[PDB]
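S.K.: Pasting in a structure now, in structure tokens, and then I'll have a few things to ask.
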Amino acid sequence: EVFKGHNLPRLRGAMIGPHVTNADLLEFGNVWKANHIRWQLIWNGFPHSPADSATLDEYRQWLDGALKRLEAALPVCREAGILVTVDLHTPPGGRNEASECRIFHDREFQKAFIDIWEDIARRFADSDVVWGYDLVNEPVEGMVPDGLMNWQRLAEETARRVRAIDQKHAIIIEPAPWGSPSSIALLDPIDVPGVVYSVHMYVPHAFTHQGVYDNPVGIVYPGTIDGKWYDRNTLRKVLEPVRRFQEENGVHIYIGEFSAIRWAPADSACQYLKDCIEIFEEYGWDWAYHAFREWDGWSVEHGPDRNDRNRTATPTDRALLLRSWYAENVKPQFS
């Protein structure tokens, strides 16, 4: 009697890139056996985007184009046997220099967030391919001015308005800040039916994002990282607040993103992914790997060398791992 919003044993799939082709989607569903994608409505990049300096009109125009492609892709997902998370990855107003979302700071953008979600919910209310609405990717509040809602309140209000329109789909809520496992302890369950909670798993960043941003390379997993021993048991500890939230509240958990950079040493990335998935599976969590055919750093079709941008000639251990899990999937049945 825990609400999932689908009738399958498990959703296992991946984030896709905004330029994913119809052929890519058909291959992923029919050949790789994924039954799920997270569709990111992203304006170029994250956490920084042109949205950060765009007017509301400019933002709405961009989003209209992004939604048009999503809508066109849904029949292809149906043929691929894939259920879709609609992820608002770049919200109206974008983020400030500290990566805090303007939906928490500016009345126009806060109101627009709600209005936009009402429009999205109206567009997809009848879709059997859409699974859920992930209201905002990795929310970060910073300071919230008097007279504006923080994330706890904005999520609740937005969820209420979406649920008024749509009687079928999951509403997927990530905790602030950053959708991090630790942040789930800061979120109170929202009093709207059909809510699924979601976190992203990249802990520890020194490992999963080695050789990205300012982070050094050469960090082995399992191993000592940030002066602490990291292995599957450490990952269980990281995820404990999420397991507690699940069990205490009788709610479903979705891992919207998890990854480890492809050029981590030896089989470290593969072992990290394996350990994550095993934990998710024990707890019955649905999941999306980050990412299929997006940035090549997160690609299981690319190899161990940071300076090589070419696909590998033969399957990587990470790709074999993902397909071994996708092979457990049941496909959605459509009318």
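Chain identifiers are assigned as A, B, and so on, following the order in which chains appear in the structure tokens; residues are numbered from 1 within each chain, and ligands are numbered from 1 in order of appearance.
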For residue 101 of chain A, work out the shell of residues within 10 Å, counting only C-alpha atoms and skipping chain neighbours fewer than 6 positions away, then give it as a PDB file with N, CA, C and O atoms, in the first residue's frame.

M.R.:
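In the end it all went to part.pdb:
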ATOM      1  N   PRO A  47      25.030  23.629 -12.622  1.00  0.00           N
ATOM      2  CA  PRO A  47      23.996  24.503 -12.050  1.00  0.00           C
ATOM      3  C   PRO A  47      23.874  25.911 -12.642  1.00  0.00           C
ATOM      4  O   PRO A  47      22.975  26.635 -12.228  1.00  0.00           O
ATOM      5  N   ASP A  52      19.788  31.990 -15.669  1.00  0.00           N
ATOM      6  CA  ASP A  52      20.274  32.784 -14.539  1.00  0.00           C
ATOM      7  C   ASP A  52      20.173  34.290 -14.810  1.00  0.00           C
ATOM      8  O   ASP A  52      20.070  35.077 -13.872  1.00  0.00           O
ATOM      9  N   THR A  90      16.047  23.139 -14.945  1.00  0.00           N
ATOM     10  CA  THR A  90      16.365  24.554 -14.894  1.00  0.00           C
ATOM     11  C   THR A  90      15.068  25.292 -14.589  1.00  0.00           C
ATOM     12  O   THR A  90      14.205  25.378 -15.458  1.00  0.00           O
ATOM     13  N   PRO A  91      14.876  25.827 -13.368  1.00  0.00           N
ATOM     14  CA  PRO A  91      13.646  26.533 -13.030  1.00  0.00           C
ATOM     15  C   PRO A  91      13.660  27.969 -13.533  1.00  0.00           C
ATOM     16  O   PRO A  91      14.711  28.521 -13.872  1.00  0.00           O
ATOM     17  N   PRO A  92      12.487  28.639 -13.522  1.00  0.00           N
ATOM     18  CA  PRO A  92      12.402  30.025 -13.967  1.00  0.00           C
ATOM     19  C   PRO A  92      13.301  30.916 -13.099  1.00  0.00           C
ATOM     20  O   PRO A  92      13.234  30.819 -11.889  1.00  0.00           O
ATOM     21  N   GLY A  93      14.118  31.746 -13.752  1.00  0.00           N
ATOM     22  CA  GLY A  93      15.041  32.611 -13.059  1.00  0.00           C
ATOM     23  C   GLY A  93      16.389  31.981 -12.809  1.00  0.00           C
ATOM     24  O   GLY A  93      17.317  32.673 -12.407  1.00  0.00           O
ATOM     25  N   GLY A  94      16.501  30.665 -12.998  1.00  0.00           N
ATOM     26  CA  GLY A  94      17.760  29.997 -12.787  1.00  0.00           C
ATOM     27  C   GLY A  94      18.259  30.145 -11.363  1.00  0.00           C
ATOM     28  O   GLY A  94      17.492  30.112 -10.391  1.00  0.00           O
ATOM     29  N   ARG A  95      19.579  30.320 -11.235  1.00  0.00           N
ATOM     30  CA  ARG A  95      20.271  30.367  -9.926  1.00  0.00           C
ATOM     31  C   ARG A  95      21.223  31.553  -9.868  1.00  0.00           C
ATOM     32  O   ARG A  95      21.716  31.992 -10.925  1.00  0.00           O
ATOM     33  N   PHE A 109       9.425  35.007 -10.040  1.00  0.00           N
ATOM     34  CA  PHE A 109       9.868  33.668 -10.387  1.00  0.00           C
ATOM     35  C   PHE A 109       9.218  32.580  -9.534  1.00  0.00           C
ATOM     36  O   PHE A 109       8.959  31.485 -10.026  1.00  0.00           O
ATOM     37  N   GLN A 110       8.926  32.889  -8.267  1.00  0.00           N
ATOM     38  CA  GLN A 110       8.231  31.939  -7.411  1.00  0.00           C
ATOM     39  C   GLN A 110       6.806  31.662  -7.930  1.00  0.00           C
ATOM     40  O   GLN A 110       6.383  30.504  -8.021  1.00  0.00           O
ATOM     41  N   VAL A 136      11.525  20.133  -9.006  1.00  0.00           N
ATOM     42  CA  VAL A 136      12.713  20.880  -9.324  1.00  0.00           C
ATOM     43  C   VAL A 136      13.941  20.056  -8.986  1.00  0.00           C
ATOM     44  O   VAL A 136      13.997  19.387  -7.960  1.00  0.00           O
ATOM     45  N   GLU A 138      17.429  19.315  -7.614  1.00  0.00           N
ATOM     46  CA  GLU A 138      18.441  19.736  -6.632  1.00  0.00           C
ATOM     47  C   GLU A 138      18.182  21.144  -6.110  1.00  0.00           C
ATOM     48  O   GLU A 138      19.039  22.024  -6.200  1.00  0.00           O
ATOM     49  N   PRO A 139      17.015  21.395  -5.475  1.00  0.00           N
ATOM     50  CA  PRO A 139      16.697  22.738  -5.000  1.00  0.00           C
ATOM     51  C   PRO A 139      17.705  23.214  -3.946  1.00  0.00           C
ATOM     52  O   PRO A 139      18.118  22.423  -3.098  1.00  0.00           O
ATOM     53  N   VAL A 140      18.052  24.499  -4.016  1.00  0.00           N
ATOM     54  CA  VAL A 140      18.934  25.130  -3.036  1.00  0.00           C
ATOM     55  C   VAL A 140      18.309  26.489  -2.722  1.00  0.00           C
ATOM     56  O   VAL A 140      18.117  27.315  -3.622  1.00  0.00           O
ATOM     57  N   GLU A 141      17.995  26.709  -1.441  1.00  0.00           N
ATOM     58  CA  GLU A 141      17.245  27.876  -0.985  1.00  0.00           C
ATOM     59  C   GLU A 141      18.072  29.138  -0.704  1.00  0.00           C
ATOM     60  O   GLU A 141      17.642  30.237  -1.007  1.00  0.00           O
ATOM     61  N   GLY A 142      19.227  28.980  -0.049  1.00  0.00           N
ATOM     62  CA  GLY A 142      19.913  30.119   0.544  1.00  0.00           C
ATOM     63  C   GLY A 142      18.972  30.845   1.517  1.00  0.00           C
ATOM     64  O   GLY A 142      18.270  30.194   2.297  1.00  0.00           O
TER      65      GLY A 142
END

S.K.: Please identify all polymer residues within 7 Å of residue 14 of chain A, counting only C-alpha atoms, omitting same-chain residues fewer than 5 positions from it, and present them as a PyMOL selection string.

M.R.: chain A and resi 36-38+288-292

S.K.: If we count only C-alpha atoms, what is near residue 64 of chain A at a cut-off of 12 Å, once residues fewer than 3 positions away on the same chain are taken out, given as a list in words?

M.R.: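 In the requested form, the answer reads residues 41, 42, 43, 57, 58, 59, 60, 61, 67, 68, 69, 70, 71, 116, 119, 120 and 123 of chain A.
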
S.K.: Applying 8 Å and only C-alpha atoms, which residues near segment 320-323 of chain A remain after dropping the ones on its own chain fewer than 2 positions away? List them as JSON, numbers by chain.

M.R.: {"A": [32, 33, 34, 270, 274, 315, 316, 317, 318, 325, 326, 327]}

S.K.: Dump C-alpha atoms for the selected residues as a short mmCIF file (atom, residue, chain, number, x, y, z; two decimals), in the first residue's frame?

M.R.:
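Listed below is the output, part21.cif:
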data_model
loop_
_atom_site.label_atom_id
_atom_site.label_comp_id
_atom_site.auth_asym_id
_atom_site.auth_seq_id
_atom_site.Cartn_x
_atom_site.Cartn_y
_atom_site.Cartn_z
CA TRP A 32 19.31 -2.32 -23.32
CA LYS A 33 15.96 -3.24 -21.63
CA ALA A 34 15.65 -0.05 -19.59
CA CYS A 270 32.02 0.10 -11.65
CA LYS A 274 27.43 -1.87 -8.19
CA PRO A 315 31.30 -3.13 -23.70
CA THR A 316 32.58 -1.55 -20.49
CA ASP A 317 32.11 -3.29 -17.13
CA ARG A 318 29.74 -0.43 -16.17
CA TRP A 325 20.07 -5.03 -13.93
CA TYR A 326 17.86 -3.77 -16.78
CA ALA A 327 17.45 -7.48 -17.72
#

S.K.: So which residues touch residue 277 of chain A within 12 Å, counting only C-alpha atoms, skipping near sequence neighbours fewer than 5 positions away, as a list in words?

M.R.: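 Listed by chain and then number, they are residues 12, 13, 201, 232, 235, 236, 239, 254, 255, 257, 258, 259, 270, 271, 272, 282, 283, 284, 285, 286, 287, 288, 289, 318, 321, 322, 324, 325 and 326 of chain A.
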
S.K.: If you run DSSP on the backbone, which residues of segment 174-264 of chain A are strand (DSSP E or B), as a PyMOL selection string?

M.R.: chain A and resi 195-201+223-225+228-230+253-258

S.K.: Looking only at the backbone, which of the residues in segment 140-254 of chain A does DSSP tag as alpha helix (DSSP H), as an MDAnalysis selection string?

M.R.: chainID A and resid 151:165 205:208 232:249

S.K.: Hey, which of A:39, A:124, A:117, A:221 ends up closest to residue 267 of chain A? Count only C-alpha atoms.

M.R.: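 Result for the nearest residue to residue 267 of chain A: A:221.
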
S.K.: Counting only C-alpha atoms, which of A:305, A:146, A:166, A:156 gets nearest to residue 218 of chain A?

M.R.: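 Ranking A:305, A:146, A:166, A:156 by distance to residue 218 of chain A, first place goes to A:305.
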
S.K.: Give me, as a list in words, all polymer residues having an atom no more than 12 Å from residue 24 of chain A, counting only C-alpha atoms and skipping those fewer than 6 positions away in the same chain.

M.R.: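 In the requested format, the answer is residues 16, 17, 18, 30, 31, 32, 34, 37, 73, 76, 77, 80, 292, 293 and 294 of chain A.
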
S.K.: How far is it from atom CA of residue 115 of chain A to atom CA of residue 102 of chain A, in Å with one decimal?

M.R.: 15.1 Å

S.K.: Between atom CA of residue 10 of chain A and atom CA of residue 330 of chain A, what is the distance in Å, rounded to a tenth?

M.R.: 7.6 Å
